[PDB]
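Accompanying notes for the structure given below.
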Amino acid sequence: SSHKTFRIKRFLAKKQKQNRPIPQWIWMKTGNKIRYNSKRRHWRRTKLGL
Amino acid sequence: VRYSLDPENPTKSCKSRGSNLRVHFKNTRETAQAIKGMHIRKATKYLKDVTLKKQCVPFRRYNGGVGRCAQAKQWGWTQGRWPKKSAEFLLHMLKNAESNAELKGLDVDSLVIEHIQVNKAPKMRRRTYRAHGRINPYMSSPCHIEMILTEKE
Amino acid sequence: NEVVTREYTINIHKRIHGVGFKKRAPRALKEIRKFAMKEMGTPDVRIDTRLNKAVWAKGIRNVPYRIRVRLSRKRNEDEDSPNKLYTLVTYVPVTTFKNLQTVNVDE
Amino acid sequence: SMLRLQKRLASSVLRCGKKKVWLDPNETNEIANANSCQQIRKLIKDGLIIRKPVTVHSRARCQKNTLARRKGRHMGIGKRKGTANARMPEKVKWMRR
RNA sequence: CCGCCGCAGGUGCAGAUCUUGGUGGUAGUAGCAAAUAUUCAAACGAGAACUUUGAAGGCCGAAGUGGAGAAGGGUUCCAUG
């Protein structure tokens, strides 16, 4: 909710910084396996735990 | 790519193609059979009237539960619909082919569409939500359309 | 020649007889547009916002039985439409529809 | 094209609802590039975005009717729903006496 | 990668409401029918029954489709594409 604990707000803060796509230059590398970010999570799709 | 049929001579023929197009398959095969023996101008005069419900596409094969009309009697058939999106998305392709005619320097209004073929494209999976908490699939049926024009008197 | 302007008293009541209560004032608007194509042979029919108010004067269920219209054909400006000649449909506020012949008016 | 931003701001600048925010339909290009609130206040001074008056709920026939009720009209036996002890009760009558 | 002579076996499939993956007919079929209702003009645009703006006609009718918070959500907020 609006009423958060400091520990939970740092938990959410990590999950937002992990919910960005791959940089466009990453798959121009030599050992190129990654196409897109498979671990991208959406607020309707998956509910983050908690 | 490699087409199904090869034309009589690559000179007098101009190719066009459209892979994985977002129409239905069964509506588009039927409106690509009605086009199959018509002049390049004869086809666009036809399809534009199917877009406006003045001439119709007779559904012959994929006609299960397809209601009737007065216009299908011109084809000697009882059933027929007016597939607006199907007729439109192989009018972009005559626009594409009639351009390739001009690029090859073929006569703009001598071409009769001899070969046209609709193959099924890979289905696009989204789902519907049905009774007693059971998800059944709701797949789209796209198609690969490809056609060869050839000059005639 | 082409820029021709007439008056027309339209019987909506016999163009609208039998349609449901939430599809009359809409249906009325479709037989002022149909009417405008039959007399003045023009696909582009653009019906004025003062006439729309006149049809929706008694709400959706009730339409004025007789309505009077200055039906006017005109040329076009640029940004060329598939058609050139359109028909502006304008309301004529009339007190009595008794003994109105269709007037051939002047521009 | 999209004046959704500039009806919302204009509502909270006028301090009314977006029901009453009248955006000039001929001067659209000037409203479309408002971009801020202070420049929507500029459009009120210029006089494009202007407040609409309150829709008339005139209680004029209401006053007209009560003057009849003060005279005892529309207060007959066939215009009584609640009991005599509900309309004007017996405890309050006793209080007054 | 294979023939011959020996050796070895997780060695031959149509079935098991077999297991996994894929695709058919049904079928362009059932369906997109709860809570009154949308119409006109203009704009942006390749493109309008739906978007935006004005003008209509309506609904919620202060125990509300209104204005806010708790729990839950975790960026869904707001702008620009």
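Numbering starts fresh at 1 for the residues of each chain in the structure tokens, the chains themselves are lettered A, B, ... in the order given, and ligands are numbered from 1 as they appear.
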
*Considering only C-alpha atoms (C1' of nucleotides), return as number ranges by chain whatever protein or nucleic-acid residues lie within 10 Å of residue 8 in chain B, sequence-local ones (same chain, fewer than 4 positions apart) excluded.*
B: 12-13, 150

_Selection near residue 48 in chain A, 12 Å with only C-alpha atoms (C1' of nucleotides), sequence-local residues under 5 positions removed, as an NGL selection string_ = (:A and (8 or 11-12 or 14-16 or 18-19 or 39-43)) or (:E and (73-74))

Using only C-alpha atoms (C1' of nucleotides) and a cut-off of 9 Å, which residues of chain D sit close to chain E? Please list them as a tab-separated table (two decimals) with N, CA, C and O atoms, in the first residue's frame.
chain	number	residue	atom	x	y	z
D	1	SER	N	-4.59	17.92	-31.77
D	1	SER	CA	-5.34	16.66	-32.02
D	1	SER	C	-5.91	16.12	-30.70
D	1	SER	O	-7.13	15.85	-30.66
D	2	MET	N	-5.06	15.99	-29.68
D	2	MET	CA	-5.39	15.44	-28.34
D	2	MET	C	-5.36	16.59	-27.31
D	2	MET	O	-4.24	16.99	-26.92
D	3	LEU	N	-6.53	17.09	-26.91
D	3	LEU	CA	-6.69	18.16	-25.87
D	3	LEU	C	-7.19	17.55	-24.55
D	3	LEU	O	-7.93	18.25	-23.83
D	4	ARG	N	-6.79	16.31	-24.23
D	4	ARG	CA	-7.17	15.61	-22.97
D	4	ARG	C	-6.36	16.19	-21.81
D	4	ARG	O	-6.94	16.37	-20.72
D	22	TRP	N	-14.98	24.74	-21.74
D	22	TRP	CA	-15.29	25.00	-23.17
D	22	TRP	C	-14.01	25.37	-23.92
D	22	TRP	O	-13.53	26.51	-23.72
D	23	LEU	N	-13.47	24.46	-24.73
D	23	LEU	CA	-12.27	24.68	-25.58
D	23	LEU	C	-12.73	25.12	-26.98
D	23	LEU	O	-13.50	24.37	-27.61
D	24	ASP	N	-12.25	26.28	-27.44
D	24	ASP	CA	-12.67	26.93	-28.72
D	24	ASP	C	-12.37	25.98	-29.88
D	24	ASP	O	-11.20	25.72	-30.17
D	25	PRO	N	-13.39	25.42	-30.57
D	25	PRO	CA	-13.16	24.39	-31.59
D	25	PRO	C	-12.52	24.87	-32.90
D	25	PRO	O	-12.15	24.02	-33.69
D	26	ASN	N	-12.39	26.19	-33.10
D	26	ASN	CA	-11.78	26.82	-34.31
D	26	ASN	C	-10.32	27.17	-34.04
D	26	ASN	O	-9.50	27.01	-34.97
D	28	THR	N	-7.84	25.59	-32.32
D	28	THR	CA	-7.37	24.28	-31.78
D	28	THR	C	-5.83	24.27	-31.70
D	28	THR	O	-5.31	23.70	-30.72

_Distance of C1' of residue 76 in chain E from CA of residue 50 in chain A, expressed in Å to one decimal place_ = 16.9 Å

Would you tabulate, counting only C-alpha atoms (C1' of nucleotides), all residues of chain B that have an atom at most 9 Å from an atom of chain E, showing the closest pair of atoms and their distance in Å to one decimal, sorted by chain then ascending number, as a tab-separated table?
residue	atom	partner	partner_atom	distance
B:24	CA	E:28	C1'	8.5
B:26	CA	E:28	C1'	6.9
B:27	CA	E:28	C1'	7.6
B:62	CA	E:28	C1'	7.3
B:63	CA	E:28	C1'	7.8
B:64	CA	E:27	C1'	6.5
B:65	CA	E:29	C1'	6.3
B:66	CA	E:28	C1'	7.9

*Quick one: residues within 12 Å of residue 7 in chain D, only C-alpha atoms (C1' of nucleotides) counted, chain neighbours fewer than 2 positions away excluded, as a ChimeraX atom specification?*
/D:2-5,9-24,31-32,34-37,40,43,48-51 /E:52-53

*Pick the closest to residue 58 in chain C from C:10, C:40, C:16, C:25: which is it, counting only C-alpha atoms?*
C:25

*asked:* If DSSP is run on the backbone, what residues of chain D are alpha helix (DSSP H)? A reply as number ranges by chain would be ideal.
replied: D: 4-14, 29-32, 38-46, 60-71, 84-87, 90-96

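Near range 54-65 of chain D, within a cut-off of 9 Å and counting only C-alpha atoms (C1' of nucleotides), sit the residues residues 20, 68, 69, 70, 73 and 74 of chain D, with same-chain residues fewer than 3 positions away left out.
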
Can those selected residues be exported to a file as an mmCIF file, in the first residue's frame so that it contains C-alpha atoms?
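Contents of selection.cif, freshly written:
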data_model
loop_
_atom_site.group_PDB
_atom_site.id
_atom_site.type_symbol
_atom_site.label_atom_id
_atom_site.label_comp_id
_atom_site.auth_asym_id
_atom_site.auth_seq_id
_atom_site.Cartn_x
_atom_site.Cartn_y
_atom_site.Cartn_z
ATOM 1 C CA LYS D 20 -17.764 23.005 -17.897
ATOM 2 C CA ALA D 68 -50.446 26.720 -2.849
ATOM 3 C CA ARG D 69 -49.410 24.350 0.063
ATOM 4 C CA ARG D 70 -49.210 27.427 2.427
ATOM 5 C CA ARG D 73 -53.887 23.356 -1.893
ATOM 6 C CA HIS D 74 -52.368 19.906 -2.858
#
